[PDB]
Structure formats: structure tokens, C-alpha cells
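Below, in C-alpha cells: the form deposited in one PDB entry, a single chain.
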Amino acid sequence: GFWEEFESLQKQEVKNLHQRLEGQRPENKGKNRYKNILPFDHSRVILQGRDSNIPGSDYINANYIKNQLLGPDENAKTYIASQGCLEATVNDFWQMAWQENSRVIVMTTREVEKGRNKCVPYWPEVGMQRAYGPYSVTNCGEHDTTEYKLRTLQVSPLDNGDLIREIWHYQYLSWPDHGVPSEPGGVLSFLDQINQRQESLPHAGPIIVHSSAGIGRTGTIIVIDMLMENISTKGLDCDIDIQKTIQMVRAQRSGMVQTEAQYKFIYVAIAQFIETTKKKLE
């Protein structure tokens, strides 16, 4: 039944046409990994502090994503869905993180996979400090396992060292591009850490989630996280509509959730989360 449902979603996405003119500007061509994967103008992240007389200076391939299915009365985490950095966009990424007050970054790709570049590194090595445009980033600690890396970063503007912000960077290592993890437990545990971290930081800005293209692993993991939050806050019997949730996130960034197997993985992950949650009750 999953194939039929994903086909329907893909058919709808064909008609999901909205202006993407900023991403199409020639001066922004080196800021995109794929000419056809671009942020909608209406929901794109606009970089602040730039000179409006430098064409394209405000551009990054990323969109705000919120759970638009929730009512006014409902608390929920919000996100940015972003492309993975190219060398030319590392500084842009840090301007985005700074201006949005993001305290948690979720990277769902390795830097290079099977010889294909996916995302250049945009952090210093452990115990080191790097400048990225007007910002200093220091890697103050790193916990690596075979499944994920957690880096604790300290970020400050070069012109105000007294303003230091701790940012937690979570990198999942076992989710290949265009594919799915072998089992859902790793992603669920990873998200549990991420959710707890964000919940511990009142006033944190949106969680930045990225992959390589910023749509497949990014879209899938955002949808999983949104549905986990529904289950955690609303309860085990909350209405879960994965197709509707995907359509809603695709209204905000094109092509979110790239493959039928990723679509299925959302169901499998959420089913496991429900079972774990039910067993924790009794």
C-alpha cells in the first residue's frame, strides 16, 4: 500500500509549483547543489546583515518549516530545512544559524559518501577555533560513536567576544543518501537526544536540519520528529496522518521525503516509537 500512496504524493508534487526566482538567479548558481532543487521564495531563509546592492547576497538554499497542521493553541518545535554546505556557502550557513538563534543543528549525511561529495565540513576540529565570515566557532568537545557524532560548539561574533552561544551539533552517520537506515532505533534515539536538548533551551530558535540536497533525509527526519512530538505531547492515541504531514511540509520546501522507502521508514519509525512509549507507560 505504500507504493500507491507515495505515487499519489509524487503526482501532487508535480503541481506544487510556486515561485523560486531567488534560487534561479545566475549569481546564486554556485550556492545550489542542484538546479532543480530550490527554496520557494515565500518560505526561504533570507540572510540578514548583507548589502542589498550585492546581487544575491541574501540567499541560502533553505526554508523555514513549521507544523502548519497544529492550531494556534498548540506548542511545537520549528525547523529550518537546509541544503548541506558547499565551500562557497559555509559562511552563509553560519549567518543563518546566528541570526535565527538556532541552538541545535541536525546533520543527516556524511561529508562524502561512496566518493560523492555531500556536505563540506563547517566546524573546527576538536580543541580548535575557526572564523567563518564575521563569526568565530570553537569545537569545545566531541563524542563520536559509529552511529552519530555530537559536537559542542561555541559561537561568537568576531566583534563581540563577550557574546558566546553554545550550539549542539548532531551528525547521524548511518543514513545513506537516497536510502534509509537499516532499523529505526538509531534515528529514534538520536532524535530523543535532539528533542531533549531543544526542550532544555528555552528561547532557542528553530532546529536546523540538513542533509546534502536538503530534502530527502531532511524531510523524512523532520516528519518523524513532528509526529514524535505529537505522540509525546498529545498522547498515544493522537491522530497520525503521514501523507497529510508530508503534503504540509512539501508546501514549505519542494520534494521533502525523496523516496518510497523513506516514506515507509516514517511509518516504521513512528510505529516503533509508539510501542516504546506504550511500554514505558505499562
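Sequential numbering from 1, following the sequence displayed. Between two forms, the rigid core is the largest collection of C-alphas that superpose within 1.5 Å.
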State whether residue 117, though modelled here, is left unmodelled in a third or more of the other entries compared. yes
Looking only at CA atoms, which has the higher mean B factor in the entry: 58 to 66 or 44 to 52? 44 to 52
Would 81 to 89 or 123 to 131 have the larger average of its C-alpha temperature factors, as given in the entry? 123 to 131
According to the Cα B-factor stored in this entry, which of the following is highest: 159, 100, 113, 192? 159
Among 231, 256, 37, 223 - the residue whose C-alpha B-factor is largest in the record: 231
Within this chain, which third does the Cα B-factor at residue 260 fall in: lowest, middle or highest? middle
Chain-relative C-alpha B factor for residue 104 (record values, thirds): the lowest
CA B-factor placement of residue 244, once the chain's modelled residues are sorted into thirds: highest
Residue 20 by Cα B-factor - lowest, middle or highest third of the modelled chain: lowest
Of the three thirds of Cα B-factor ranks in this chain, residue 199 occupies the highest
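The same protein also exists as the form solved in complex with a partner chain; that form is not shown, yet it is the one meant from here on.
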Though its partner chain is not shown, can you say which of 47, 226, 37, 242 has a heavy atom within 4.5 Å of it in the entry with it bound? 37
Ok, 103, 151, 77, 118: which has a heavy atom sitting within 4.5 Å of its partner chain in the entry with it bound? 118
Its partner chain contact at residue 31 in the entry with it bound, heavy atom, 4.5 Å: no
Closest heavy atom of residue 213 to its partner chain in the entry with it bound, within 4.5 Å or not? yes
4.5 angstroms heavy atom contact with its partner chain in the entry with it bound for residue 247: yes
Give a yes/no on whether residue 12 approaches its partner chain to within 4.5 Å in the entry with it bound, heavy atoms considered. yes
Just to confirm the contact call: exactly one of 178 to 186, 91 to 99, 110 to 118, 196 to 204 touches its partner chain in the entry with it bound at a 4.5 Å heavy atom cutoff, so which is it? 110 to 118
Which residue, chosen from 259, 16, 24, 272, moves its CA by 2 Å or more between this form and the one not shown under a rigid core superposition? 16
Given a core-based superposition, decide whether the C-alpha of residue 157 shifts by 2 Å or more between this form and the one not shown. no
So with the core overlaid, does the Cα of residue 69 end up 2 Å or more away between this form and the one not shown? yes
I want to check residue 177: does it shift between this form and the one not shown by 2 Å or more at the Cα, with the core superposed? yes
Change in CA distance between residue 65 and residue 14 in the entry with it bound, which is 3 Å or more, as closer or farther: closer
Can you tell whether residue 210 sits closer to or farther from residue 15 in the entry with it bound than it does here, judged by CA atoms, where the change is 3 Å or more? closer
